[PDB]
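Enquirer: Just dropping this structure here.
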């Protein structure tokens, strides 16, 4: 199994620099090129550059030339990408990607094969003045099949990871997109519909994880008995 | 154009065998090998004249040294078998006379660079590279100091370059430190104009051959 | 009227010897020297009491520092030999007590201006001066002192007759190892046609003196 | 041994009092009572503030008060003002023919009005163009804090080659100043519509443009 | 072993140093294949004298070899700072046997003391993110090669977690040493400032460093 | 820089429909084109490489063709799990570029939402703010009107809505209306109602609750 795990989402003040990590496992690291791809919220994909995991040779796009730097560590099988002089446009998700190995033609022509088979999970870089804040988790209690939920209020920045029963519940889970409140903080809700019969039989725990604030909150949703 | 280029930075477990090569460039009558233990003195090992076919050994290395040469490639090999902790040393080539003059002066004109052969039981480790960032303390003189810390590696040696070798002015790579843990650590500093701190990127390249570890590291001022 | 006037802006090759003078004005018991490397901190060098004849050195400068004084001229000299790149610094005089009170307070009351001694192999390179003209109510005129070595260079306006609104920016050490700076002055636009504005650049290491007239460009 | 440890960064707020420490040993600061405190503004000569364990010389405000305790001297600045933002060094008697200075403490006054950078862009001179050289000059003054980023644009597009930007330095008025020079050829200068110097500071940006003149 | 070469000869500029290399009749006394090599620390040996008295192409005339009975002797006449290196002698001990000497560390005396240039680097953010911290204190361009390093926590000495290298000669004939203080992020962020103090020939140089939050 | 234009930019098709997207290049790249299927929240997934080759693990219903400047990407029968944004990418000449994207949606039968209400938690009331939540689960189409009535008085400028992406199974939507009030203002009134009007609803559905029950 091939696996690319990237570093946690970060928030940085405008003009600073971000470093995103991408750790490869499940293949010999030093045998493939690593490419970086940025995607602004709502926009499309935008290419950043290529780095050679063996020697460290690097080729950046003209758009990022002078502001992006790609680093490599063979011992830990990781790739770093640093973007400096951030602006509001740089708020985006950053992916690493591995293409297959470049081959030689029958004639001896170097044929590049730059299609991306394996991607990372993505690292959100929020470019913002705003101070980081930890979330508050609150239970949405239910009164055939009933629906319960968890409210993740007043957190910054994006995103939060919400699972149910440590991942043991995926059927009928709806984690709503975040909403930017008037206070400049985010808020999100995650609901799940379960049969009423299981309201007393199975316990329902929601796990909220906000990595930028190092906050992990488990919350058991129990019906309020009036 | 009479230089001798010595290959290898090999690490070998006790009891194994190591083979070191010397490439001769220009005219070379005979090539001799001389070993030097770290901190200790020089000791002679053997001599070969490829044009004649004779080879010599010191008495202490009887049965352990094999000196060969391939004329097609123009190279000379020296193999030491049954290695122990006593053999951990630097191995040099030496020229004995020019391509003519079948005489041997027993003075070795041109020497190759070091070839360190570390013989140890202990497992190789590989380095951890960290950037040593400049401050107003180091930068305000018009010249700032950047650095790289190569921590907790074994064994020697590690090669540290800057910008893939494109920066040599003001580079000072300090000698390693043998920690209590039996692992090595070193630092490499560079003096660069402060004005270029924002324009030019400064990457340090660390290469540990025994572990096949190559690490780039960007040194930037901490905001 | 108890000011200390320090001479010199000397440049010396490694291994040579430099001699810096301090002229004492008013009463001065003893004069000490303190050096400061660019960006770094202060360090003490030595002290002399001309009325007594004694001199001191720090242990690190044993055999390298010679502090002398001539009473006829009222000046005090300090000579540092065997210079290296570590010595490149600014050298200050310091008063240690008034003309009376043979006590030493070890607090230095009045300090002279900077004396920069740059120790380097590299040959001096003398400046190129260019006028920076203002384009379109208060305008900025300037002089660009490009590609000179070493520091310092002195930029004045109208032979020193213009000090109001003068800002001489710090030098830049380029990739080429040469210095460059700019000196700007803020002046009312109304005076652009009435008064002439000359900038005077003086680089003592190269004995270079350049006047330059800054006016707005024509057709 | 016999050195002095002065903590590099002390900061305070207006009206408050800051205590700067200067720690020695028994042989230098602990044993004898010859301690001095000097204040130095960047670019200026040091000035004496305290000349003994505790003695203010003629012309030093009463706000600055020296003291000593064991092996540690301490300078206390009362009624902090913006003028007090400087480097403070301590000196002590280390023995006959030995005087020791400290590392220095960069005192930062906390009341900070952030100020936009004042930018002035100068095109190359006729004399320089007649010497087959060109230099754009971008001068930045009166900004706070001392953290700006300079970018050069050729009509729209960034230029990263031939740029030399100085490190920000503190002015007399407690604000910061920097310069940035772009060395170009007359060809590059006269082959573009306009050049621009952009200064980014605390999220804000200031752009100055310049174009060639012919007739 | 096998030869007696006095480990530690010394001299002064302009003066002459004679380094001896004593053997027996069967190695040094009998035959005229004697060689003197000069080796600067960290570099490969260079041939200075071969066949007793022969200077190879490019060796200054200052180095003059000689022999007397069972003792060869290398004489340096025009002593300069650059001559500060290790000098080995080699000789023919018989067919298929070449014997080297113990080496002589030639010290030139005249030189002016050089104060140590010290630079102190705090831990990196990357290192702190790995639950470790290391202060780096680099000392360069001092003479002689004898310094003592001390670490202070705000005022107080720290004797644990210090690793200081032995001073080694640089290319410019001066000495350099490094000293690493391994600490935990807790200890690093819990103190006002750390300091590296370098004592050299009675003088002292202190460098301090504080965290940035 | 090779520009790629994607047609269309958005589209809606029924289950089992045949779908066709076009990617036009500003220059000629023989077949150095790839197609990616980026699902909401997830990373891009490579489906077609070299403009005609199916990636290992992709269903047979996907295909690609084209050359020169014109390429096409085809779906035989549109399955509900195919809803994503599809991008085209070139690698004939640096730098690599991507298409604008093609947001593909499903045309589904009209479904009515399940409406639930959640009063503010006893824990949140400790903090001063109160949040009342209204959930509209599994409906279509995307349009839906949600009104907050506090004591039958319409609240405005106090609610925020969040709508999920189209479900990969049943191709429905879900909506969350959060009404945030102060504890003082929350305790001022008694009856909190959420009124949902949707196309699939004959009459507006109201889910209410009385404070403190």
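Here the Cβ positions follow ideal geometry from the backbone for every residue, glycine too, while neighbour counts run over all protein chains shown. What is reported rests on the model, the rules as stated and the sources as named; these are not laboratory values.
Enquirer: If residue D:124 satisfies every condition in (1) over 30 Å from residue C:218 (Cβ atoms); (2) in a loop (DSSP other than H, G, I, E, B) but one, which is the exception?
Expert: So the condition that residue D:124 fails would be (1).
Enquirer: Can you give me the number of residues within the stretch B:123-135 that are farther than 18 Å from residue E:138 by Cβ and out of contact with any strand residue (DSSP E or B) (no Cβ under 7 Å at 6 or more places or on another chain)?
Expert: The total comes to 1.
Enquirer: Something else: Could you figure out which of (1) away from every other protein chain (no Cβ under 12 Å); (2) surrounded by fewer than 13 Cβ atoms within 10 Å (Cβ to Cβ); (3) in contact with a strand residue (DSSP E or B) (Cβ under 8 Å, 6 or more places away or on another chain); (4) under 28 Å from residue E:102 (Cβ atoms) isn't true of residue B:38?
Expert: (1)
Enquirer: Another question about this same structure. Is it fair to say residue D:166 is closer than 30 Å to residue D:53 by Cβ, within 11 Å of chain C (Cβ to nearest Cβ), under 17 Å from the mean Cα position of the chain (by Cα) and buried (at least 18 other Cβ atoms within 10 Å of the Cβ)?
Expert: no
Enquirer: Give the stretch E:102-130 a look and list any residue that's more than 7 Å from every other protein chain (Cβ to nearest Cβ) and closer than 30 Å to residue B:47 by Cα, or say none.
Expert: Listed by number, the residues that qualify are E:104, E:105, E:106.
Enquirer: Follow-up. Kindly list the number of the only condition in (1) over 22 Å from residue F:89 (Cβ atoms); (2) crowded, with 21+ Cβ neighbours inside 10 Å; (3) more than 11 Å from every other protein chain (Cβ to nearest Cβ) that fails for residue A:73.
Expert: In the conditions (1) over 22 Å from residue F:89 (Cβ atoms); (2) crowded, with 21+ Cβ neighbours inside 10 Å; (3) more than 11 Å from every other protein chain (Cβ to nearest Cβ), residue A:73 misses (3) alone.
Enquirer: Of (1) within 20 Å of residue C:179 (Cβ to Cβ); (2) part of a strand (DSSP E or B), residue D:131 satisfies all except one. Which?
Expert: The number of the failed condition is (2).
Enquirer: While we're here: Which strands (runs of 3 or more DSSP E) does the stretch A:101-215 wholly contain that include 2 or more residues that are more than 26 Å from residue F:117 (Cα to Cα) and more than 12 Å from chain F (Cβ to nearest Cβ)?
Expert: A:123-127
Enquirer: Please verify whether the stretch E:35-48 includes one or more residues that are facing chain B (nearest Cβ under 10 Å) and more than 27 Å from the chain's Cα centre (by Cα).
Expert: Scanning the stretch E:35-48, I find no residue that is facing chain B (nearest Cβ under 10 Å) and more than 27 Å from the chain's Cα centre (by Cα), so the answer is no.
Enquirer: Then there is this: Scan the stretch E:139-197 for residues that are in contact with a helix residue (DSSP H, G or I) (Cβ under 6 Å, 6 or more places away or on another chain), closer than 22 Å to residue B:185 by Cα and part of a loop (DSSP other than H, G, I, E, B) and jot them down.
Expert: If the condition is that a residue be in contact with a helix residue (DSSP H, G or I) (Cβ under 6 Å, 6 or more places away or on another chain), closer than 22 Å to residue B:185 by Cα and part of a loop (DSSP other than H, G, I, E, B), then no residue fits.
Enquirer: Checking the structure you have, find out if any residue of the stretch E:28-42 is touching a helix residue (DSSP H, G or I) at 6+ places or on another chain (Cβ under 6 Å), surrounded by 13 or more Cβ atoms within 10 Å (Cβ to Cβ) and either under 30 Å from residue B:6 (Cα atoms) or assigned by CATH to the domain that holds residue E:94 (or both).
Expert: No, that holds for no residue.
Enquirer: Working only within the stretch D:4-17, note down all residues that are in contact with a helix residue (DSSP H, G or I) (Cβ under 8 Å, 6 or more places away or on another chain) and within 11 Å of chain E (Cβ to nearest Cβ).
Expert: D:4, D:8
Enquirer: Which is under 16 Å from the mean Cα position of the chain (by Cα) and assigned by CATH to the domain that holds residue F:44, of F:102, F:164, F:172?
Expert: Being under 16 Å from the mean Cα position of the chain (by Cα) and assigned by CATH to the domain that holds residue F:44 holds for just one of F:102, F:164, F:172, which is F:102.
Enquirer: So, of the residues in the stretch E:131-149 that are at the interface with another protein chain (Cβ under 7 Å from one of its Cβ atoms) and under 25 Å from residue E:161 (Cα atoms), which turns out to be surrounded by the fewest Cβ atoms within 10 Å (Cβ to Cβ)?
Expert: E:140
Enquirer: If we only count strands (runs of 3 or more DSSP E) wholly inside the stretch B:1-58, which ones have 3 or more residues that are closer than 19 Å to residue B:80 by Cβ?
Expert: Strands (runs of 3 or more DSSP E) meeting the threshold: B:18-24, B:30-36, B:42-48, B:55-57.
Enquirer: Filter the stretch D:62-117 for residues that are in a strand (DSSP E or B) and under 30 Å from residue D:205 (Cα atoms) and give the result.
Expert: D:106, D:107, D:108, D:109, D:115
Per-residue answers, yes or no, for (1) closer than 30 Å to residue A:18 by Cβ; (2) outside the structural domain of residue E:205 (by CATH):
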position: E:68; (1), (2): no, yes
position: E:77; (1), (2): no, yes
position: E:96; (1), (2): no, yes
position: E:130; (1), (2): yes, no
position: E:140; (1), (2): no, no
position: E:167; (1), (2): no, no
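Enquirer: Testing residue C:187 on (1) buried (at least 19 other Cβ atoms within 10 Å of the Cβ); (2) closer than 24 Å to residue D:133 by Cβ, one condition comes back false. Which one is that?
Expert: (2)
Enquirer: Strands (runs of 3 or more DSSP E) wholly in the stretch F:46-156 with at least 1 residues that are more than 10 Å from every other protein chain (Cβ to nearest Cβ), under 30 Å from residue F:200 (Cα atoms) and touching a helix residue (DSSP H, G or I) at 6+ places or on another chain (Cβ under 8 Å) - which ones?
Expert: By residue number, F:70-75, F:102-107.
Enquirer: Further, regarding this structure: Taking the conditions exactly as written (surrounded by 14 or more Cβ atoms within 10 Å (Cβ to Cβ), touching a strand residue (DSSP E or B) at 6+ places or on another chain (Cβ under 6 Å), on the phi > 0 side of the Ramachandran plot and within 14 Å of another protein chain (Cβ to nearest Cβ)), does residue F:43 satisfy them or not?
Expert: No; evaluated as a whole, the condition is false for this residue.
Enquirer: May I pose another question? Taking the stretch E:102-125 only, how many residues are more than 30 Å from the chain's Cα centre (by Cα) and surrounded by fewer than 18 Cβ atoms within 10 Å (Cβ to Cβ)?
Expert: Result for the stretch E:102-125: 1.
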